[PDB]
């Protein structure tokens, strides 16, 4: 019926705003990125600091894991993405091509491709092995806030301040669908649902929406949080009860019932905007991260 997330660890170390936290697919690690130009690795279960990964010349907006939990990609204000070997901390490739800040990144399930989105209004598809750009998609007419592959990597979804969500065919780069609302507020986050059927989209009018993309119909709306300024990540919680999880500009983590849309928990503790949340792949564990009045990551655990 309702979760009971309680605070287990506060992870200190970043010296500026923390922008993104991600659990490794095998559940072992949490990776964090920050405006301090650093990536940090932490134990997912004991919160123990593991290592700092350094090399970007400016701040980092996003990080993402390969499917074997061995590689990381990061997206930076220095206009590059970097591919990292987590075990060695070494930069394997620097992905060059974007003409402005890179805001978002993800591997496909095979992890032979990386997708990125940028202030430069493009979505790029990269070959992991060579580090070369395979395709540049003229995806949007304002900064791209999020990019995500579906279950098998055959589709990409992108979101933008231009107010649009777009679905792309990975192999051809052609646009398969454009989702439009009405009053087109900036779309600040998007991701495919666990079953690949739906898309979860945030707009900067304090609203999360679950869309059936093949029918182009909104199925659920989640409200009550604050989101009018920052691109705040959202998640599906798949380990216990079926929840939607998001940060909020009132410094709280919000948790909603997937089907009824009622708020079932609000997690208090952070002292700045909670810009990023992540849900552990097997354990009812949430990671949250906040902006520069806070600079910490928090790990929470629920019985359901």
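Whichever C-alpha set is largest while still superposing within 1.5 Å between the two forms counts as the rigid core. Numbering follows the first chain given and starts at 1.
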RMS Cα shift after core superposition in 8 other deposited structures of this protein, winner of 203-211 and 174-182:
174-182
Mean Cα B-factor check, 136-144 vs 170-178, entry values; winner is 170-178
Selected stretch [higher average CA B-factor]: 261-269 or 34-42
261-269
Highest Cα temperature factor in the entry, among the options 76, 160, 100, 193: which one is it?
193
So if I compare the CA B-factors in the entry for 59, 27, 55, 240, which one is the largest?
240
Chain thirds of CA B-factor: placement of residue 245:
lowest
Split into thirds by Cα B-factor across the chain's modelled residues, where does residue 69 land: lowest, middle or highest?
lowest
Taking the chain's C-alpha temperature factors as the reference, tell me which third residue 86 falls into: lowest, middle or highest.
highest
Lowest, middle or highest third: which one holds residue 282 when the chain's residues are ordered by CA B-factor from the entry?
middle
Looking at the entry's B-factor column for C-alpha atoms only, identify whether residue 15 ranks in the lowest, middle or highest third of its chain.
middle
